[PDB]
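Each chain is listed here by its residues.
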Amino acid sequence: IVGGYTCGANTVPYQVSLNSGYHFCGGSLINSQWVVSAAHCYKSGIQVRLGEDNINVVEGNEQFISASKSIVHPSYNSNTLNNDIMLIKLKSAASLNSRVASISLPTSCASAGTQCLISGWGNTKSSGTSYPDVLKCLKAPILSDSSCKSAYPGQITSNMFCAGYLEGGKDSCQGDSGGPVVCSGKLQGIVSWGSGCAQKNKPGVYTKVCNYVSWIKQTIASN
Ligand SMILES: NC(=[NH2+])c1ccc2[nH]c(-c3cccc(-c4ccccc4)c3[O-])nc2c1
Ligand SMILES: [Ca+2]
Ligand SMILES: [Cl-]
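About the cut-offs
- Residues numbered from 1 in each chain as written, not as in the entry; some residues may be left out.
- Chains lettered and ligands numbered in written order.
- Heavy atoms only, no water.
- UniProt positions renumbered as here; feature names shortened; annotations may be inferred.
- Helix = DSSP H or I, 4+ residues; strand = E, 2+ residues; numbered from the N terminus.
- Buried < 20%, exposed > 50% of the residue type's maximum accessible area, 1.4 Å probe, protein only.
- Contact = heavy atoms within 4.5 Å.
- Polar contact = N/O pair within 3.5 Å; in protein donor to acceptor, adjacent residues only side chain to side chain.
- Near = heavy atom within 4 Å.
- Areas by Shrake-Rupley, 256 points an atom, 1.4 Å probe, with all protein chains shown as cover.
- Nonpolar A, V, L, I, M, F, W, Y, C, P; charged D, E, K, R; others polar.
- Core = buried A, V, L, I, M, F, W, Y, C linked by side-chain atoms within 4.5 Å.

With that out of the way, let us pick up the UniProt feature "binding site: substrate" in the protein chain. In this numbering, the UniProt entry assigns the feature "binding site: substrate" to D171, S172, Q174, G175 and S177. Examined against the element boundaries, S172 turns out to sit in the loop between β10 (160–163) and β11 (180–183). Residue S172 is classed as buried on the basis of its relative accessible area of 7%. Discounting residues that sit within four places of it in the chain, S172 has contacts with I1, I118, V191, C197 and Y206. At 2.7 Å, the side chain of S172 and the side chain of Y206 are in polar contact. Relative to the assigned elements, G175 resides in the loop between β10 and β11. On the basis of relative accessible area, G175 is assigned to the buried category, the value being 14%. Excluding its chain neighbours within four sequence positions, the residues that come into contact with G175 are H23, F24, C25, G26, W121 and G122.

The structure is reproduced here in structure tokens:
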């Protein structure tokens, strides 16, 4: 997260770190046995790490659970990143408490102007690599579709939305992919892509979760 602030330990109880010997993507806990992340974060050997704050120190509250299966959306396109969503089933259920809690799926999509919270352990520099130990947060608004399409002509599908600041300075960045964009307590987006990080007129692009709720529900119900 570039230009964000330190969240504070366990203040984002639904945030998870996907780990394969190092942190490579974020994700969101939506119930005790399932996590939602981005399809492009897929790989085998994923260990989901819940209740984390400093990802390099065991401070207590952590639960390390292996993924039993990862389900990439069948229509995911790696060239356009359209349908960049994945569901991860955990080998065993997580113990939910105040430090580990799930987030709710939305009932309706959000409107431009809605302020959301984006979090993650990704890079904090736009020009260079500085990876934090603790979780970073950024409050950012959803932009209108015209500003988004005007920023990325021909690359935005109906399953994406832009959130951020056109002046540059604040944005999600590498290491944050797969993580949550929560607005009014509902998971509205998943960190997907962007051009550089925090550059002027190049906002972050997110997967529009409101468009996949029946898919998530049906998929979970059958697995
Ligand atoms: N500017 C942004 N809002 C942004 C957000 C998420 C990103 N994630 C990345 C990213 C960059 C290189 C590699 C990966 C990657 C690729 C495969 C697996 C895991 C991560 C990224 O997510 N850049 C990103 C840029
Ligand atoms: Ca830790
Ligand atoms: Cl267009």
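Close contacts around ligand 1 come from 14 residues, with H40, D171, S172, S177 and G196 the closest. Take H40: an N or O atom from its side chain is 2.9 Å from an oxygen atom of ligand 1. When the free accessible area of ligand 1 is taken as 520 Å², the share hidden by the protein chains comes to 69%. Tallying contributions element by element places strand β12 (residues 186–193) first for the shell around ligand 1, with three residues. For the shell around ligand 1, the residue count by class is five nonpolar, eight polar and one charged.

The next subject is the nonpolar core. Core analysis: the biggest nonpolar cluster contains 43 residues, and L18, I30, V48, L50, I88 and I216 have the highest contact counts within it. Contributions of two or more residues to this core are made by β2 (15–19), β3 (23–29), β4 (34–37), β5 (47–50), β6 (63–72), β7 (86–90), β12 and α2 (213–221). Counting residues per element, this core draws most heavily on β7, which supplies four residues. Here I30 is in contact with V36, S102, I103, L105, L187, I216 and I220, once residues within four sequence places are set aside. Among the nonpolar cores identified, the runner-up in size contains 13 residues, and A140, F161, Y165 and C183 belong to it.

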